[PDB]
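Below you'll find the structure, written out as structure tokens, and then a few comments.
Just so it is clear, none of the values below were taken in a lab; they were calculated from the coordinates. Neighbour counts run over all protein chains shown; Cβ positions are idealised from the backbone, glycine included.
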Amino acid sequence: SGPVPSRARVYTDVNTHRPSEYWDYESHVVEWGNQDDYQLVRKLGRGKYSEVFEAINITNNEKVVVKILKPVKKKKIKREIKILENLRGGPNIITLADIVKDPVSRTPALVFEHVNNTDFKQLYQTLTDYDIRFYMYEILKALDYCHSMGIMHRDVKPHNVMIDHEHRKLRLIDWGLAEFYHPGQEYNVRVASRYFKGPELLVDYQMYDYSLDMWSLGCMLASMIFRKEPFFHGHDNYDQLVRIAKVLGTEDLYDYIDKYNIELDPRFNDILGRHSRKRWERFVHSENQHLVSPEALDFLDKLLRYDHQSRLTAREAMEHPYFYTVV
Ligand SMILES: CC(=O)NCCCNCc1ccc(-c2ccccc2)c(Cl)c1
Ligand SMILES: Cc1ccc(O)c(C(=O)O)c1
């Protein structure tokens, strides 16, 4: 007949009960600030259709971040702007401070609050079991917030989590892939970065929800506690699912596709194979045992599940025993 419909177990109808003003980002009126208020200092990085710069707001001598967008698609820019304005002030959500335009090049730029990112490659060795529990909890505060506001981030990964370790400040950045959750809507599966992509995306199941973010979060936690970057190392989108199946096993994959009447792409036939369900304890080694505990393993087991409906919600995750040591 076709695939079985699905819906989020929490915050299902938050957008349904809100005016069109909230979620109709295409109708949203954007108002430009003064580009001249900002002096570009240095290039921070380069994205798909963006160039990120450290800058100074010369009207208050304050450091800011300017993300210049290659205006490839207007609807996309408007969606990012609306979502950022809706979530502004939310816990651990990057604060959009201004929106500016370069008249000569005819290029939009989003201006954010500055975050001093502490070096990731130097964090990895010194970091403790407590530090992982603490920053995991800070990310879930950002997720429970944006999901309660009817938004899925759809690009949760270490590059999109900024940390100022000195001040124990975390921010969830780059809301360029984020979308308003409407029950029953069929979304584009070309979202998230390969390693972080949930099985729903890999099997082309379009009626996904907030729970997509909880899978990406589980990939990050597995990678941190096991010191294995990335945890699921696919070489392409079909291989990515094969890497998951090498961990979760192929039996539960068939239970997932059957439950939702998903048509597996024929490209999966020769590469899928047969895989047994692995124990999480098998990934424990001398290099990572100080970060691993039974609470961490029970928590991870509750996030990394094929069935999107069966994953912990951000709020259920915050109530898990893994976070009993955090405030
Ligand atoms: C734009 C830009 O400069 N990005 C830099 C990305 C910086 N990433 C560093 C980092 C460090 C720790 C974690 C983490 C993960 C799981 C639990 C606890 C902490 C994550 Cl997700 C990311
Ligand atoms: C602070 C900061 C740095 C880089 C970025 O790309 C963003 C963002 O996308 O929101 C934010």
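If you keep only loop residues by DSSP, which GluC sites (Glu not before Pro) in region 148-186 have at most 10 other Cβ atoms within 10 Å of their Cβ?
Values: sites: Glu166, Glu179, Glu186; in loops: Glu166, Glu186.
When the GluC sites (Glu not before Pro) of region 148-186 are filtered for loop state and at most 10 Cβ neighbours within 10 Å, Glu166 remain.
If you average 1/r across every pair of different Cα atoms in region 180-254 and take the reciprocal, what Kirkwood value do you get, in Å? Mind dumping the intermediate values first?
Working: mean 1/r = 0.0775 Å⁻¹.
Evaluated on region 180-254, it is 12.9 Å.
Using DSSP to call loops (not H, G, I, E or B), can you name the GluC sites (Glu not before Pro) in region 24-108 whose Cβ has at most 12 other Cβ atoms within 10 angstrom?
Details: sites: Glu26, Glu31, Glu51, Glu54, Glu62, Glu80, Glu85; in loops: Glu26, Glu31.
Counting only loop positions with at most 12 other Cβ atoms within 10 Å, the GluC sites (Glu not before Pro) in region 24-108 are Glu26, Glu31.
Taking the Cβ-Cβ separation of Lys141 and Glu26 as r and a Förster radius of 30 Å, what is the calculated FRET efficiency to the nearest 0.05? Can you show the working numbers first?
Details: r = 30 Å, r/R0 = 0.99.
Efficiency at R0 = 30 Å is approximately 0.50.
Semi-axes of the equivalent ellipsoid for region 105-164, please: Cα gyration tensor eigenvalues, times 5, square-rooted, ordered largest first, whole Å.
On the way: eigenvalues 127, 73, 18 Å².
Gyration-tensor ellipsoid for region 105-164: 25, 19, 9 Å.
Quantify how much of the Cα-Cα distance distribution of region 11-109 extends past 18 Å, in percent. List each step's numbers first, then the result.
On the way: 2659 of 4851 pairs.
Cα-Cα pairs in region 11-109 separated by more than 18 Å: 55 percent.
Nearest 500 deg cm²/dmol is fine: what mean residue ellipticity at 222 nm does the chain get from its DSSP H runs of n ≥ 4 alone, each adding -39,500 (n - 2.57), divided by its residue count?
Values: 10 runs with 101 residues, N = 327.
Result for the chain: -9000 deg cm²/dmol, rounded to the nearest 500.
At most 12 other C-beta atoms within 10 Å and a DSSP loop state: those are the exposed chymotrypsin sites (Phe, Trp or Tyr not before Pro) I care about. Give me the longest piece of the chain that has none.
Here the longest segment lacking exposed loop sites spans 33-323.
Between region 209-274 and region 279-327, how many Å separate their Cα centres?
17
Check the straight Cα-Cα distances from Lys43 and name the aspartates and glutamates below 18 Å, setting aside those fewer than 8 residues away within the same chain.
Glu51, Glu54, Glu62, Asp102, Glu113, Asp119, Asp174
Given just the C-alpha atoms of region 152-196, how large is their convex hull per residue in cubic angstrom?
Details: hull volume 3.8 nm³, N = 45.
Convex hull of Cα atoms, per residue: 84 Å³.
Counting only Cα, what are the radius of gyration and maximum Cα-Cα distance Dmax of region 181-306, in Å?
14.7, 46
Extent of region 124-246 along each principal axis, from alpha carbon coordinates, in Å, largest to smallest?
Computed over region 124-246, the largest-to-smallest principal extents equal 42, 35, 19 Å.
Do any trypsin sites (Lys or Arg not before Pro) in region 79-149 lie in a loop, going by DSSP, with at most 11 other beta-carbon atoms within 10 Å of their beta carbon, and if so which? Could the numbers behind the result be given before it?
Details: sites: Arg79, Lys82, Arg88, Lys101, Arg106, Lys121, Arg133, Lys141; in loops: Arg88, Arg106.
Loop-located and lightly packed - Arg106.
Please give the charge dipole size of the chain, origin at the Cα centre, charges +1 on K and R Cβ atoms and -1 on D and E Cβ atoms. Round to the nearest 20 debye.
Values: 46 positive and 48 negative charges, 126 e Å.
For the chain, the charge dipole is close to 600 debye.
Multiply the residue gap between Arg9 and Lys278 by 0.36 nm, knock off their C-alpha separation, and tell me the result in nm, one decimal place.
On the way: separation 269, 0.36 × 269 = 96.84 nm, distance 2.75 nm.
Going from the current span to full extension adds 94.1 nm.
Test of understanding: express the Cα radius of gyration of the chain as a ratio to 2.2 N^0.38 Å, with N the residue count. Mind showing how you got there, number by number?
Details: Rg = 20.4 Å, N = 327, 2.2 N^0.38 = 19.9 Å.
For the chain, the normalised Cα radius of gyration comes out at 1.03.
Set the bar at 22 Å for Cα to Cα. Now go through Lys48/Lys82; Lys246/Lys302; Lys121/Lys169; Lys70/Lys228; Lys76/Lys169; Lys76/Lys101 and name every pair that lies beyond it. Kindly include the intermediate steps, with their values, before the conclusion.
Details: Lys48/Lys82 20 Å; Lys246/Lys302 18 Å; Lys121/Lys169 18 Å; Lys70/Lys228 34 Å; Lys76/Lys169 28 Å; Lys76/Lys101 16 Å.
Over 22 Å apart, Cα to Cα: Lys70/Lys228; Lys76/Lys169.
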